[PDB]
Structure formats: structure tokens, C-alpha cells
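This report concerns only the one structure given below.
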Amino acid sequence: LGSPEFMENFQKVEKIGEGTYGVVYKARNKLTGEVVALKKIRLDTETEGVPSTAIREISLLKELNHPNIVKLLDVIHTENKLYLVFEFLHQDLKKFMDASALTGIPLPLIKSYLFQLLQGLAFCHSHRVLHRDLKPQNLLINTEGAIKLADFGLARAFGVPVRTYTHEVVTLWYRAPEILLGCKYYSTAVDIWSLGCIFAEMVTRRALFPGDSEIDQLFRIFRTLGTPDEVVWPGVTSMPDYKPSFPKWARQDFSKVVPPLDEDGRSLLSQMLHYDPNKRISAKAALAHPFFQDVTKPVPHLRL
Ligand SMILES: Nc1nc(Nc2ccc(S(N)(=O)=O)cc2)sc1C(=O)c1ccccc1[N+](=O)[O-]
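Reminder that position 120 of the sequence shown reads as 114 in PDB author numbering, one-by-one numbering, no gaps.
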């Protein structure tokens, strides 16, 4: 199958980055002038082709309609490639945080971004959609002050892994503890954990739990939040990958974790990082938190 109209009209302007299963580019329509982001996925064609299950999941994502979610414009299968075409935004949150090294990020902007991300997540969760892969590079910002959720993860990946991608370990940094301990089905709480890690990263300008392996990821979480036990997390000791031999670290206070964040922010962050998924705050309850009583929509000073 070929899609020659799309292929000839759109020209790659630059490569944005790589991911486990796709390469991302900025492309510009030769005809109009429209710019989009393209995710190019190479298909196996021997074992998978375009899986039907994947097409149904992608179709569901394409129907997601919310201002804080990047719009999937089209899906194009051509040759042995699948291209996902997205609404283009100019910068991701990782680049913005790096660019803010000498200036810091104003608290009102951090609060606005967290509020917007929670609105996008509350919306998705209410429609039975999990993001599953929240990290700074998957959060996009525009000059008007908006931030949007991008690169939603599928329940089942497909395509040939990108050999030039070497940053897979970063995905562990935002992974909820229940996933690391072996849960089978992810709940909406996994996205709140990832967003909590990102909130701490916006405030401190350093990743909260930068593990170098799955066990190191778990131990970095334990070193800060304390090794979980049956009191703080009922049922934890029975999880598939839980080991009685885990070292027992005592919990640290959030005042040392995200200085100089205010008490409202620390309270919210602590609820987003609760060990027990059943007690972790929901996106909706988070929107209702006192931290957001004075939220506004400032604009970033983007240099592009
Ligand atoms: N829509 C959209 N816009 C982008 N622009 C952008 C422009 C500049 C930068 S940067 N490093 O700050 O200069 C980063 C992103 S990426 C993107 C995505 O939808 C996307 C995002 C993450 C992973 C995969 C995809 N993806 O599948 O297309």
C-alpha cells in the first residue's frame, strides 16, 4: 500500500527525536505550508504488519477531543511504514526546563502547566483512556501558554524497535511502583504517579527518581519515600516482584524533596506519590486541591 499524496506534499524539515518504536520529525506541507509532527513507525511486515488491535487503539486516541491533548490529525500506512500525523507544537517540557537553568521557572507557570495537565488527564481518565508514558518530552508547550499531552502509549506496542534510540532507561524514571512490582493491569493512578514525578522535576529542575535499572528505580523510590510495608500499602508484600529481602529505608519529608515549594504544592505532590494506588489522588481530586485556588494562565518566554 502506498500513500503518494501525503508523501510528496509533506517534506521533513528536521528530526525532533527518537523513541522506542518511532522517529519523530517536523514536516511542512509543500503545497499549503502546514506544519505537523510526524511519527514514523517501521512495520515488521513479517510478524505484525499493521495490527488490527493497534489500529483500533489509535482510532480511539484519534477521537480524543480536549484542548490539553495533542490532536492526532491522520494515520497513513505507506510501504512498510505507518505515519502518525500530529498537531505541531514548538517545544517540549524537557527543553523548556533545560532552557530555564539560569532563570528558574515561575511558580505561577508551573501551577498553570500542572493544572492543564491534570485537566487533560481527568478528561482522558473519564473516557477510560490511560496515557501510560508520561515524561517531560511527551508534554508540549505553545506560545499562548498551553501545555498538552502527547505520545499516548498503546496497550500493546508494535513495529520494529528503533536501533538508534538509546534512552529507554528514562522511561523507568516515571514508572509507578505498582508497575515495577509486577501488577498486570495499570490503573489511572499510574499517570498520576508520573505527573507527580514531573511536578517535582519542574520545581527542582532535576529528575526525582532517575533509576539506572528497574531495581535501582525501585530503590531510589524507597530511599525517599521509605520501603513500603503492609501498613502503608496493604497487599504490597504479596505483589509478584516484591522481595522480603528489599532493604528497609525510612521515609524522608517532602520538605527536603522539593524545596522551596510551598505547603499547598507539597501536600498535593505527596498525595500524587502515595504508594497505594487505591489511595493515590485522582486527577479530578487533584484539580480540586487548594494549590489551584489562584491558578492563572501566564505565558512562557519561548526562544524559538
Ligand atoms: N506534536 C508534536 N509536536 C512536537 N514538536 C516538538 C518541537 C520541538 C521540540 S524540542 N526538543 O523542544 O526542540 C519537541 C517537540 S513533538 C510532537 C509529538 O506529537 C510527539 C511528542 C513526543 C513523542 C512523540 C511525538 N510524536 O509521535 O510526534
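Cβ atoms here follow ideal geometry from the backbone N, Cα and C, with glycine treated the same way.
Where the beta strand (DSSP E) through residue i begins and ends
i, result
"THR47", "Per DSSP, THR47 belongs to no beta strand (DSSP E); it is in the alpha helix (DSSP H), 46 to 56."
"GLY11", "4 to 12"
"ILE141", "141 to 143"
"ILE135", "133 to 135"
CB contact flag (residue i, residue j, <8 Å)
i, j, result
"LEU263", "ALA201", "no"
"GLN110", "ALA140", "yes"
"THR221", "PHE203", "no"
"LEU67", "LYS33", "no"
"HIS84", "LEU296", "yes"
"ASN132", "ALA144", "yes"
"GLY16", "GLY229", "no"
"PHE0", "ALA31", "no"
"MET266", "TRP167", "no"
Reduced DSSP category for residue i - H, G, I as helix; E, B as strand; rest coil
i, result
"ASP68", "strand"
"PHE286", "helix"
"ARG36", "strand"
"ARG22", "strand"
"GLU81", "strand"
"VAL230", "helix"
"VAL184", "helix"
"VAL154", "coil"
"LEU298", "coil"
"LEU76", "strand"
"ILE63", "strand"
"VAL17", "strand"
Residue i CB to nearest heavy atom of ligand 1 below 7 Å
i, result
"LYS56", "no"
"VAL17", "no"
"residue 323", "The displayed coordinates of the chain run from -5 to 298. Any statement about residue 323 would go beyond what the structure contains."
"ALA95", "no"
"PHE80", "yes"
"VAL64", "yes"
"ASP185", "no"
"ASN23", "no"
"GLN113", "no"
Where the alpha helix (DSSP H) containing residue i begins and where it ends
i, result
"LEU263", "257 to 266"
"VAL251", "248 to 251"
"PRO171", "171 to 174"
"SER94", "Neither: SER94 is in no alpha helix (DSSP H) and is coded neither H nor E."
"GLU208", "208 to 219"
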